[PDB]
Amino acid sequence: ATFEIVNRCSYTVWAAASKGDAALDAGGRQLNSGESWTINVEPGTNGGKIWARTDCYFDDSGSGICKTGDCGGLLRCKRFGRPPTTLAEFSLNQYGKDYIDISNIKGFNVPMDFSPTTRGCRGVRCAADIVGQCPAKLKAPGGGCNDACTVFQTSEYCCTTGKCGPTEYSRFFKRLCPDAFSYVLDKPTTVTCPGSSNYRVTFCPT
Ligand SMILES: [K+]
Ligand SMILES: [K+]
Ligand SMILES: [K+]
Ligand SMILES: [K+]
């Protein structure tokens with residue numbers, strides 16, 4: 001499966017792609033404003049994520065830091081990113097279909113559209129100004145809008161028991177972005193696509 005990753009932001013981002021225990025494709029690349037990067041993701045990939053990182057510095061070797069979504073200081077992510085991170089999430093070729101969503105469960109850093117480039121399902125989008133409207137207690141000094149689990153580390157925000165309800169904080173995310181997961185047990189906003197669909201992730205789509 002191909003994913004075209006497109007940075008429409010006025011600022012540089014460092015795209016990242018991982019399934020948590022490994023890179024997808026090269027795992028990360030710089031995208032200047034306007035640039036497109038196409039990756040190939042193995043069929044059957046389960047629990048993959050794509051995200052943007054902001055304000056990154058890398059050396060020679062591909063090692064450094066980012067202020068949002070840093071993945072163990074690698075340019076080329078092999079692991080998931082440090083919140084806050086708006087997340088494009090996908091599982092491919094799961095009993096005949098693909099499943100995509102956007103999640104704010106790990107907070108929000110960059111607005112995003114995640115859409116098929118092939119037939120037979122809708123895209124999803126979270127492109128509201130969550131960072132600008134972020135509740136004060138969730139603002140990350142580093143940049144972005146943290147989720148409540150990240151900030152407060154409670155069973156209720158993190159849904160540790162698998163028992164949790166929506167919260168004042170999750171409802172903020174949901175209000176701004178109805179079509180993205182706002183907490184672990186949110187009413188799913190997952191879209192079913194044909195197996196082996198292809199996709200475009202667009203940062204700052206509007
Ligand atoms: K169709
Ligand atoms: K869309
Ligand atoms: K709400
Ligand atoms: K779910």
# chains A, B, ... in the order shown; residues from 1 in each chain; ligands from 1

call {"tool": "residues_near_ligand", "arguments": {"ligand": "ligand 4", "cutoff": "12 Å", "atoms": "only C-alpha atoms and all ligand atoms", "output": "MDAnalysis selection string"}}
result
chainID A and resid 47 89:91 99:103 105 162 180:191

call {"tool": "write_last_selection", "arguments": {"atoms": "N, CA and C atoms", "output": "PDB file, in the first residue's frame"}}
result
ATOM      1  N   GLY A  47      -1.887  -1.851  13.219  1.00  0.00           N
ATOM      2  CA  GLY A  47      -1.483  -0.838  14.159  1.00  0.00           C
ATOM      3  C   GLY A  47      -0.413   0.101  13.665  1.00  0.00           C
ATOM      4  N   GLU A  89      -4.054   6.563  11.871  1.00  0.00           N
ATOM      5  CA  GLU A  89      -3.939   5.192  12.358  1.00  0.00           C
ATOM      6  C   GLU A  89      -4.600   4.228  11.380  1.00  0.00           C
ATOM      7  N   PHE A  90      -3.930   3.104  11.146  1.00  0.00           N
ATOM      8  CA  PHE A  90      -4.423   2.187  10.140  1.00  0.00           C
ATOM      9  C   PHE A  90      -3.961   0.760  10.406  1.00  0.00           C
ATOM     10  N   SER A  91      -4.881  -0.134  10.052  1.00  0.00           N
ATOM     11  CA  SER A  91      -4.626  -1.558   9.987  1.00  0.00           C
ATOM     12  C   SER A  91      -5.131  -2.075   8.638  1.00  0.00           C
ATOM     13  N   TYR A  99      -8.772  -0.535   7.817  1.00  0.00           N
ATOM     14  CA  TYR A  99      -9.386   0.307   8.827  1.00  0.00           C
ATOM     15  C   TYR A  99      -8.526   1.530   9.112  1.00  0.00           C
ATOM     16  N   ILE A 100      -9.118   2.700   8.916  1.00  0.00           N
ATOM     17  CA  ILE A 100      -8.384   3.939   9.156  1.00  0.00           C
ATOM     18  C   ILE A 100      -9.160   4.832  10.118  1.00  0.00           C
ATOM     19  N   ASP A 101      -8.398   5.649  10.831  1.00  0.00           N
ATOM     20  CA  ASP A 101      -8.970   6.693  11.680  1.00  0.00           C
ATOM     21  C   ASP A 101      -7.933   7.771  11.951  1.00  0.00           C
ATOM     22  N   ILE A 102      -8.383   8.866  12.525  1.00  0.00           N
ATOM     23  CA  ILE A 102      -7.523   9.857  13.179  1.00  0.00           C
ATOM     24  C   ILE A 102      -7.848   9.840  14.659  1.00  0.00           C
ATOM     25  N   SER A 103      -6.802  10.006  15.432  1.00  0.00           N
ATOM     26  CA  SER A 103      -6.933   9.973  16.879  1.00  0.00           C
ATOM     27  C   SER A 103      -6.255  11.181  17.507  1.00  0.00           C
ATOM     28  N   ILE A 105      -6.086  10.849  20.883  1.00  0.00           N
ATOM     29  CA  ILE A 105      -5.887  10.274  22.224  1.00  0.00           C
ATOM     30  C   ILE A 105      -4.504  10.574  22.775  1.00  0.00           C
ATOM     31  N   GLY A 162      -9.993   0.043  31.492  1.00  0.00           N
ATOM     32  CA  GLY A 162     -10.827  -0.243  30.325  1.00  0.00           C
ATOM     33  C   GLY A 162     -12.252   0.215  30.627  1.00  0.00           C
ATOM     34  N   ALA A 180     -12.554  12.438  15.037  1.00  0.00           N
ATOM     35  CA  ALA A 180     -11.347  11.845  15.577  1.00  0.00           C
ATOM     36  C   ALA A 180     -11.571  11.267  16.971  1.00  0.00           C
ATOM     37  N   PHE A 181     -10.878  10.169  17.253  1.00  0.00           N
ATOM     38  CA  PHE A 181     -11.005   9.649  18.621  1.00  0.00           C
ATOM     39  C   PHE A 181     -10.571  10.667  19.671  1.00  0.00           C
ATOM     40  N   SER A 182     -11.391  10.895  20.703  1.00  0.00           N
ATOM     41  CA  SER A 182     -11.049  11.873  21.729  1.00  0.00           C
ATOM     42  C   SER A 182     -10.591  11.267  23.046  1.00  0.00           C
ATOM     43  N   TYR A 183     -10.869   9.995  23.217  1.00  0.00           N
ATOM     44  CA  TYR A 183     -10.453   9.203  24.355  1.00  0.00           C
ATOM     45  C   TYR A 183     -10.583   7.731  23.989  1.00  0.00           C
ATOM     46  N   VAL A 184     -10.034   6.892  24.855  1.00  0.00           N
ATOM     47  CA  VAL A 184      -9.838   5.477  24.493  1.00  0.00           C
ATOM     48  C   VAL A 184     -11.175   4.849  24.147  1.00  0.00           C
ATOM     49  N   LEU A 185     -12.253   5.100  24.895  1.00  0.00           N
ATOM     50  CA  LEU A 185     -13.520   4.426  24.648  1.00  0.00           C
ATOM     51  C   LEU A 185     -14.545   5.253  23.911  1.00  0.00           C
ATOM     52  N   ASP A 186     -14.016   6.253  23.215  1.00  0.00           N
ATOM     53  CA  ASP A 186     -14.840   7.063  22.320  1.00  0.00           C
ATOM     54  C   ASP A 186     -15.629   6.195  21.344  1.00  0.00           C
ATOM     55  N   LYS A 187     -16.865   6.588  21.047  1.00  0.00           N
ATOM     56  CA  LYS A 187     -17.574   6.058  19.894  1.00  0.00           C
ATOM     57  C   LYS A 187     -16.665   6.046  18.654  1.00  0.00           C
ATOM     58  N   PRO A 188     -16.352   4.865  18.139  1.00  0.00           N
ATOM     59  CA  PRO A 188     -15.396   4.784  17.037  1.00  0.00           C
ATOM     60  C   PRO A 188     -15.812   5.608  15.830  1.00  0.00           C
ATOM     61  N   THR A 189     -14.793   6.228  15.256  1.00  0.00           N
ATOM     62  CA  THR A 189     -14.862   7.008  14.036  1.00  0.00           C
ATOM     63  C   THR A 189     -13.990   6.343  12.964  1.00  0.00           C
ATOM     64  N   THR A 190     -13.842   5.036  13.094  1.00  0.00           N
ATOM     65  CA  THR A 190     -12.972   4.262  12.206  1.00  0.00           C
ATOM     66  C   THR A 190     -13.681   4.031  10.890  1.00  0.00           C
ATOM     67  N   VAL A 191     -13.020   4.244   9.768  1.00  0.00           N
ATOM     68  CA  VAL A 191     -13.628   4.018   8.473  1.00  0.00           C
ATOM     69  C   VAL A 191     -13.156   2.699   7.876  1.00  0.00           C
TER      70      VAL A 191
END

call {"tool": "closest_atom_pairs", "arguments": {"of": "chain A", "to": "ligand 3", "cutoff": "12 Å", "atoms": "only C-alpha atoms and all ligand atoms", "output": "Markdown table"}}
result
| residue | atom | partner | partner_atom_place_in_ligand_line | distance |
| --- | --- | --- | --- | --- |
| A:166 | CA | ligand 3 | 1 (K) | 8.8 |
| A:167 | CA | ligand 3 | 1 (K) | 8.9 |
| A:168 | CA | ligand 3 | 1 (K) | 8.1 |
| A:169 | CA | ligand 3 | 1 (K) | 8.9 |
| A:170 | CA | ligand 3 | 1 (K) | 7.3 |
| A:171 | CA | ligand 3 | 1 (K) | 3.7 |
| A:172 | CA | ligand 3 | 1 (K) | 5.6 |
| A:173 | CA | ligand 3 | 1 (K) | 7.0 |
| A:174 | CA | ligand 3 | 1 (K) | 4.7 |
| A:175 | CA | ligand 3 | 1 (K) | 4.0 |
| A:176 | CA | ligand 3 | 1 (K) | 7.6 |
| A:177 | CA | ligand 3 | 1 (K) | 8.7 |
| A:178 | CA | ligand 3 | 1 (K) | 7.6 |
| A:179 | CA | ligand 3 | 1 (K) | 11.2 |
| A:180 | CA | ligand 3 | 1 (K) | 11.3 |
| A:181 | CA | ligand 3 | 1 (K) | 11.3 |
| A:182 | CA | ligand 3 | 1 (K) | 9.0 |
| A:183 | CA | ligand 3 | 1 (K) | 11.3 |
| A:186 | CA | ligand 3 | 1 (K) | 10.9 |
| A:187 | CA | ligand 3 | 1 (K) | 11.9 |

call {"tool": "write_last_selection", "arguments": {"atoms": "N, CA and C atoms", "output": "PDB file, in the first residue's frame"}}
result
ATOM      1  N   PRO A 166     -16.244   9.774  28.949  1.00  0.00           N
ATOM      2  CA  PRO A 166     -15.720  11.012  28.387  1.00  0.00           C
ATOM      3  C   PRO A 166     -15.473  12.006  29.519  1.00  0.00           C
ATOM      4  N   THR A 167     -14.712  13.035  29.247  1.00  0.00           N
ATOM      5  CA  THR A 167     -14.293  14.005  30.239  1.00  0.00           C
ATOM      6  C   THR A 167     -14.361  15.408  29.663  1.00  0.00           C
ATOM      7  N   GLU A 168     -14.213  16.384  30.559  1.00  0.00           N
ATOM      8  CA  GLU A 168     -14.229  17.769  30.099  1.00  0.00           C
ATOM      9  C   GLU A 168     -13.137  17.952  29.044  1.00  0.00           C
ATOM     10  N   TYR A 169     -11.980  17.342  29.289  1.00  0.00           N
ATOM     11  CA  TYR A 169     -10.877  17.426  28.341  1.00  0.00           C
ATOM     12  C   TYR A 169     -11.154  16.667  27.062  1.00  0.00           C
ATOM     13  N   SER A 170     -11.604  15.404  27.168  1.00  0.00           N
ATOM     14  CA  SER A 170     -11.870  14.684  25.909  1.00  0.00           C
ATOM     15  C   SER A 170     -12.932  15.423  25.096  1.00  0.00           C
ATOM     16  N   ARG A 171     -13.901  16.057  25.768  1.00  0.00           N
ATOM     17  CA  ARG A 171     -14.983  16.688  25.020  1.00  0.00           C
ATOM     18  C   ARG A 171     -14.487  17.904  24.237  1.00  0.00           C
ATOM     19  N   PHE A 172     -13.440  18.530  24.728  1.00  0.00           N
ATOM     20  CA  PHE A 172     -12.800  19.628  24.001  1.00  0.00           C
ATOM     21  C   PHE A 172     -12.346  19.072  22.647  1.00  0.00           C
ATOM     22  N   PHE A 173     -11.542  18.008  22.671  1.00  0.00           N
ATOM     23  CA  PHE A 173     -11.052  17.431  21.420  1.00  0.00           C
ATOM     24  C   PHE A 173     -12.202  17.054  20.511  1.00  0.00           C
ATOM     25  N   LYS A 174     -13.263  16.507  21.120  1.00  0.00           N
ATOM     26  CA  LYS A 174     -14.336  15.978  20.311  1.00  0.00           C
ATOM     27  C   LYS A 174     -15.156  17.103  19.677  1.00  0.00           C
ATOM     28  N   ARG A 175     -15.241  18.200  20.399  1.00  0.00           N
ATOM     29  CA  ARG A 175     -15.988  19.356  19.931  1.00  0.00           C
ATOM     30  C   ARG A 175     -15.296  19.945  18.706  1.00  0.00           C
ATOM     31  N   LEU A 176     -13.979  20.050  18.834  1.00  0.00           N
ATOM     32  CA  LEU A 176     -13.174  20.648  17.766  1.00  0.00           C
ATOM     33  C   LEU A 176     -13.059  19.697  16.574  1.00  0.00           C
ATOM     34  N   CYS A 177     -12.972  18.414  16.870  1.00  0.00           N
ATOM     35  CA  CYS A 177     -12.828  17.350  15.896  1.00  0.00           C
ATOM     36  C   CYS A 177     -13.688  16.124  16.173  1.00  0.00           C
ATOM     37  N   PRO A 178     -14.952  16.221  15.767  1.00  0.00           N
ATOM     38  CA  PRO A 178     -15.892  15.115  15.944  1.00  0.00           C
ATOM     39  C   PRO A 178     -15.453  13.812  15.297  1.00  0.00           C
ATOM     40  N   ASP A 179     -14.625  13.870  14.259  1.00  0.00           N
ATOM     41  CA  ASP A 179     -14.340  12.691  13.462  1.00  0.00           C
ATOM     42  C   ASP A 179     -13.011  12.059  13.848  1.00  0.00           C
ATOM     43  N   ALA A 180     -12.554  12.438  15.037  1.00  0.00           N
ATOM     44  CA  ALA A 180     -11.347  11.845  15.577  1.00  0.00           C
ATOM     45  C   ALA A 180     -11.571  11.267  16.971  1.00  0.00           C
ATOM     46  N   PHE A 181     -10.878  10.169  17.253  1.00  0.00           N
ATOM     47  CA  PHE A 181     -11.005   9.649  18.621  1.00  0.00           C
ATOM     48  C   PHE A 181     -10.571  10.667  19.671  1.00  0.00           C
ATOM     49  N   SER A 182     -11.391  10.895  20.703  1.00  0.00           N
ATOM     50  CA  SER A 182     -11.049  11.873  21.729  1.00  0.00           C
ATOM     51  C   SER A 182     -10.591  11.267  23.046  1.00  0.00           C
ATOM     52  N   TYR A 183     -10.869   9.995  23.217  1.00  0.00           N
ATOM     53  CA  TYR A 183     -10.453   9.203  24.355  1.00  0.00           C
ATOM     54  C   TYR A 183     -10.583   7.731  23.989  1.00  0.00           C
ATOM     55  N   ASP A 186     -14.016   6.253  23.215  1.00  0.00           N
ATOM     56  CA  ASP A 186     -14.840   7.063  22.320  1.00  0.00           C
ATOM     57  C   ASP A 186     -15.629   6.195  21.344  1.00  0.00           C
ATOM     58  N   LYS A 187     -16.865   6.588  21.047  1.00  0.00           N
ATOM     59  CA  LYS A 187     -17.574   6.058  19.894  1.00  0.00           C
ATOM     60  C   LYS A 187     -16.665   6.046  18.654  1.00  0.00           C
TER      61      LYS A 187
END

call {"tool": "residues_near_ligand", "arguments": {"ligand": "ligand 2", "cutoff": "6 Å", "atoms": "only C-alpha atoms and all ligand atoms", "output": "list in words"}}
result
residues 113, 115, 123, 124 and 125 of chain A

call {"tool": "residues_near_ligand", "arguments": {"ligand": "ligand 1", "cutoff": "10 Å", "atoms": "only C-alpha atoms and all ligand atoms", "output": "ChimeraX atom specification"}}
result
/A:118-121,194

call {"tool": "select_by_dssp", "arguments": {"residues": "region 19-201 of chain A", "states": "helix (DSSP H, G or I)", "output": "PDB file with C-alpha atoms, in the first residue's frame"}}
result
ATOM      1  CA  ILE A 130      -6.901  22.672  18.466  1.00  0.00           C
ATOM      2  CA  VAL A 131      -3.562  24.149  19.453  1.00  0.00           C
ATOM      3  CA  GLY A 132      -4.948  27.704  19.414  1.00  0.00           C
ATOM      4  CA  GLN A 133      -8.052  26.766  21.342  1.00  0.00           C
ATOM      5  CA  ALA A 136      -4.679  26.116  29.360  1.00  0.00           C
ATOM      6  CA  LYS A 137      -3.895  23.067  31.449  1.00  0.00           C
ATOM      7  CA  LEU A 138      -3.347  20.927  28.361  1.00  0.00           C
ATOM      8  CA  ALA A 148      -5.393  14.554  29.473  1.00  0.00           C
ATOM      9  CA  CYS A 149      -3.847  11.128  30.007  1.00  0.00           C
ATOM     10  CA  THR A 150      -0.465  12.561  29.127  1.00  0.00           C
ATOM     11  CA  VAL A 151      -0.939  15.547  31.437  1.00  0.00           C
ATOM     12  CA  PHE A 152      -2.552  13.996  34.498  1.00  0.00           C
ATOM     13  CA  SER A 155      -6.941   5.769  35.320  1.00  0.00           C
ATOM     14  CA  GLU A 156      -9.865   7.819  34.111  1.00  0.00           C
ATOM     15  CA  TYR A 157      -8.055   9.765  31.382  1.00  0.00           C
ATOM     16  CA  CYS A 158      -5.861   6.853  30.375  1.00  0.00           C
ATOM     17  CA  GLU A 168     -14.229  17.769  30.099  1.00  0.00           C
ATOM     18  CA  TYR A 169     -10.877  17.426  28.341  1.00  0.00           C
ATOM     19  CA  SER A 170     -11.870  14.684  25.909  1.00  0.00           C
ATOM     20  CA  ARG A 171     -14.983  16.688  25.020  1.00  0.00           C
ATOM     21  CA  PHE A 172     -12.800  19.628  24.001  1.00  0.00           C
ATOM     22  CA  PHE A 173     -11.052  17.431  21.420  1.00  0.00           C
ATOM     23  CA  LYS A 174     -14.336  15.978  20.311  1.00  0.00           C
ATOM     24  CA  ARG A 175     -15.988  19.356  19.931  1.00  0.00           C
ATOM     25  CA  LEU A 176     -13.174  20.648  17.766  1.00  0.00           C
TER      26      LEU A 176
END

call {"tool": "residues_around", "arguments": {"residues": "region 12-17 of chain A", "least_positions_apart": "2", "cutoff": "7 Å", "atoms": "only C-alpha atoms", "output": "PyMOL selection string"}}
result
chain A and resi 10+23-24+27-33+49-54+77

call {"tool": "write_last_selection", "arguments": {"atoms": "N, CA and C atoms", "output": "compact mmCIF listing (two decimals), in the first residue's frame"}}
result
# COMPACT_ATOMS: atom_id res chain seq x y z
N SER A 10 2.51 25.68 6.39
CA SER A 10 3.43 26.74 5.98
C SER A 10 4.79 26.49 6.60
N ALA A 23 9.90 0.69 12.08
CA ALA A 23 9.63 1.63 11.02
C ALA A 23 8.68 1.05 9.98
N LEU A 24 7.84 1.89 9.39
CA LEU A 24 7.24 1.65 8.10
C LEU A 24 8.02 2.41 7.03
N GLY A 27 10.66 5.23 7.76
CA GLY A 27 10.22 5.56 9.11
C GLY A 27 10.10 7.03 9.38
N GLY A 28 10.83 7.88 8.65
CA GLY A 28 10.72 9.33 8.87
C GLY A 28 11.40 10.08 7.73
N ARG A 29 10.93 11.28 7.43
CA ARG A 29 11.63 12.16 6.50
C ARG A 29 11.26 13.62 6.72
N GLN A 30 12.18 14.53 6.40
CA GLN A 30 11.75 15.93 6.35
C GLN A 30 10.80 16.25 5.21
N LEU A 31 9.72 16.98 5.49
CA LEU A 31 8.85 17.57 4.49
C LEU A 31 8.81 19.09 4.63
N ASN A 32 9.52 19.79 3.75
CA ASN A 32 9.30 21.23 3.69
C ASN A 32 7.86 21.51 3.27
N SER A 33 7.43 22.74 3.52
CA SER A 33 6.11 23.18 3.09
C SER A 33 5.88 22.93 1.60
N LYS A 49 0.91 3.81 12.32
CA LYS A 49 0.62 5.21 12.54
C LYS A 49 1.55 6.10 11.70
N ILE A 50 0.94 7.18 11.25
CA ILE A 50 1.70 8.28 10.66
C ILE A 50 1.40 9.55 11.43
N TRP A 51 2.47 10.33 11.61
CA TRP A 51 2.24 11.59 12.32
C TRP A 51 3.27 12.61 11.83
N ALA A 52 3.02 13.86 12.18
CA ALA A 52 3.97 14.94 11.96
C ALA A 52 4.76 15.21 13.24
N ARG A 53 6.03 15.56 13.07
CA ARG A 53 6.82 16.14 14.14
C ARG A 53 7.22 17.57 13.78
N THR A 54 7.27 18.39 14.82
CA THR A 54 7.59 19.79 14.61
C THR A 54 8.86 20.20 15.37
N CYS A 77 11.94 7.13 12.30
CA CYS A 77 11.29 6.53 13.46
C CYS A 77 11.17 5.02 13.34

call {"tool": "atom_distance", "arguments": {"atom1": "CA of residue 9 (chain A)", "atom2": "CA of residue 36 (chain A)"}}
result
11.5 Å

call {"tool": "select_by_dssp", "arguments": {"residues": "region 31-156 of chain A", "states": "strand (DSSP E or B)", "output": "JSON, numbers by chain"}}
result
{"A": [31, 36, 37, 38, 39, 40, 48, 49, 50, 51, 52, 53, 54, 57, 58, 63, 64, 65, 68, 74, 87, 88, 89, 90, 91, 92, 93, 94, 97, 98, 99, 100, 101, 102, 103, 108, 112, 113, 114, 115, 116, 124, 125, 126, 139, 145]}

call {"tool": "write_last_selection", "arguments": {"atoms": "N, CA and C atoms", "output": "compact mmCIF listing (two decimals), in the first residue's frame"}}
result
# COMPACT_ATOMS: atom_id res chain seq x y z
N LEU A 31 9.72 16.98 5.49
CA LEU A 31 8.85 17.57 4.49
C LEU A 31 8.81 19.09 4.63
N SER A 36 5.82 16.42 -0.86
CA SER A 36 5.16 15.14 -0.82
C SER A 36 6.18 13.99 -0.75
N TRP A 37 5.90 13.03 0.11
CA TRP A 37 6.73 11.86 0.35
C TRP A 37 5.84 10.63 0.24
N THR A 38 6.19 9.72 -0.68
CA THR A 38 5.35 8.52 -0.79
C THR A 38 6.08 7.31 -0.22
N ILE A 39 5.39 6.66 0.71
CA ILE A 39 5.94 5.48 1.36
C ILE A 39 5.11 4.28 0.93
N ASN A 40 5.77 3.15 1.05
CA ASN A 40 5.16 1.87 0.88
C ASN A 40 5.10 1.14 2.23
N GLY A 48 -0.45 0.49 12.40
CA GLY A 48 0.46 1.50 11.89
C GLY A 48 -0.04 2.90 12.22
N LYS A 49 0.91 3.81 12.32
CA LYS A 49 0.62 5.21 12.54
C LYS A 49 1.55 6.10 11.70
N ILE A 50 0.94 7.18 11.25
CA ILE A 50 1.70 8.28 10.66
C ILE A 50 1.40 9.55 11.43
N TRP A 51 2.47 10.33 11.61
CA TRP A 51 2.24 11.59 12.32
C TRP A 51 3.27 12.61 11.83
N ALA A 52 3.02 13.86 12.18
CA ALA A 52 3.97 14.94 11.96
C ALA A 52 4.76 15.21 13.24
N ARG A 53 6.03 15.56 13.07
CA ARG A 53 6.82 16.14 14.14
C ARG A 53 7.22 17.57 13.78
N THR A 54 7.27 18.39 14.82
CA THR A 54 7.59 19.79 14.61
C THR A 54 8.86 20.20 15.37
N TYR A 57 15.58 19.05 15.07
CA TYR A 57 16.99 19.11 14.73
C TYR A 57 17.64 17.74 14.74
N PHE A 58 18.23 17.41 13.60
CA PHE A 58 18.97 16.19 13.39
C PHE A 58 20.39 16.53 12.93
N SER A 63 20.20 11.72 14.01
CA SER A 63 19.91 11.76 15.44
C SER A 63 19.74 13.19 15.90
N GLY A 64 18.76 13.37 16.78
CA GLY A 64 18.51 14.71 17.27
C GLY A 64 17.31 14.77 18.20
N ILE A 65 16.50 15.82 18.00
CA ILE A 65 15.33 16.02 18.85
C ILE A 65 14.24 16.71 18.05
N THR A 68 7.60 18.15 19.11
CA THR A 68 6.43 17.28 19.16
C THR A 68 6.74 16.02 18.34
N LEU A 74 15.35 9.86 16.74
CA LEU A 74 15.64 9.42 15.37
C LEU A 74 14.94 10.29 14.34
N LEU A 87 -2.68 11.70 15.19
CA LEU A 87 -2.35 10.38 14.69
C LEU A 87 -3.28 9.90 13.57
N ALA A 88 -2.65 9.59 12.45
CA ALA A 88 -3.26 8.81 11.38
C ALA A 88 -3.00 7.33 11.70
N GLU A 89 -4.05 6.56 11.87
CA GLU A 89 -3.94 5.19 12.36
C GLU A 89 -4.60 4.23 11.38
N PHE A 90 -3.93 3.10 11.15
CA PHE A 90 -4.42 2.19 10.14
C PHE A 90 -3.96 0.76 10.41
N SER A 91 -4.88 -0.13 10.05
CA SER A 91 -4.63 -1.56 9.99
C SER A 91 -5.13 -2.07 8.64
N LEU A 92 -4.21 -2.76 7.95
CA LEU A 92 -4.41 -3.05 6.54
C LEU A 92 -4.65 -4.55 6.37
N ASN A 93 -5.54 -4.95 5.49
CA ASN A 93 -5.73 -6.35 5.11
C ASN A 93 -6.07 -7.16 6.36
N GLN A 94 -7.05 -6.62 7.07
CA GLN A 94 -7.59 -7.29 8.25
C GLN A 94 -8.89 -7.97 7.83
N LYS A 97 -10.37 -6.26 4.74
CA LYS A 97 -10.58 -4.83 4.68
C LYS A 97 -9.43 -4.08 5.37
N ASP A 98 -9.45 -2.78 5.10
CA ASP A 98 -8.59 -1.84 5.77
C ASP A 98 -9.42 -0.95 6.73
N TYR A 99 -8.77 -0.53 7.82
CA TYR A 99 -9.39 0.31 8.83
C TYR A 99 -8.53 1.53 9.11
N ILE A 100 -9.12 2.70 8.92
CA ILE A 100 -8.38 3.94 9.16
C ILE A 100 -9.16 4.83 10.12
N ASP A 101 -8.40 5.65 10.83
CA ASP A 101 -8.97 6.69 11.68
C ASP A 101 -7.93 7.77 11.95
N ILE A 102 -8.38 8.87 12.53
CA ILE A 102 -7.52 9.86 13.18
C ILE A 102 -7.85 9.84 14.66
N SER A 103 -6.80 10.01 15.43
CA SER A 103 -6.93 9.97 16.88
C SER A 103 -6.26 11.18 17.51
N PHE A 108 -2.75 16.50 20.10
CA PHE A 108 -2.83 17.12 18.79
C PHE A 108 -1.62 18.03 18.62
N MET A 112 -4.73 17.49 10.29
CA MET A 112 -4.45 16.39 9.36
C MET A 112 -5.71 15.92 8.67
N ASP A 113 -5.58 15.57 7.38
CA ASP A 113 -6.58 14.83 6.63
C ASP A 113 -6.01 13.46 6.31
N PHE A 114 -6.80 12.42 6.46
CA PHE A 114 -6.34 11.07 6.13
C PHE A 114 -7.37 10.42 5.20
N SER A 115 -7.05 10.30 3.92
CA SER A 115 -8.10 9.94 2.96
C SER A 115 -7.60 8.82 2.07
N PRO A 116 -8.47 7.94 1.58
CA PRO A 116 -8.07 7.02 0.50
C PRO A 116 -7.81 7.82 -0.77
N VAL A 124 -11.16 10.82 6.64
CA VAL A 124 -11.43 11.50 7.90
C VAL A 124 -10.46 12.65 8.08
N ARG A 125 -10.84 13.60 8.93
CA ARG A 125 -10.11 14.84 9.02
C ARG A 125 -10.22 15.41 10.43
N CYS A 126 -9.11 15.94 10.93
CA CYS A 126 -9.14 16.85 12.08
C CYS A 126 -8.23 18.04 11.81
N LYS A 139 -1.96 22.76 27.52
CA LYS A 139 -1.03 23.33 26.52
C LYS A 139 0.32 22.70 26.75
N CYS A 145 -1.07 20.56 21.85
CA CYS A 145 -2.15 20.38 22.82
C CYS A 145 -2.15 18.93 23.30

call {"tool": "closest_residue", "arguments": {"among": "A:142, A:43, A:111, A:20", "to": "residue 72 (chain A)", "atoms": "only C-alpha atoms"}}
result
A:20

call {"tool": "closest_residue", "arguments": {"among": "A:160, A:154, A:198, A:86", "to": "residue 110 (chain A)", "atoms": "only C-alpha atoms"}}
result
A:86

call {"tool": "atom_distance", "arguments": {"atom1": "CA of residue 76 (chain A)", "atom2": "CA of residue 141 (chain A)"}}
result
24.5 Å

call {"tool": "closest_residue", "arguments": {"among": "A:84, A:195, A:144, A:205", "to": "residue 8 (chain A)", "atoms": "only C-alpha atoms"}}
result
A:205
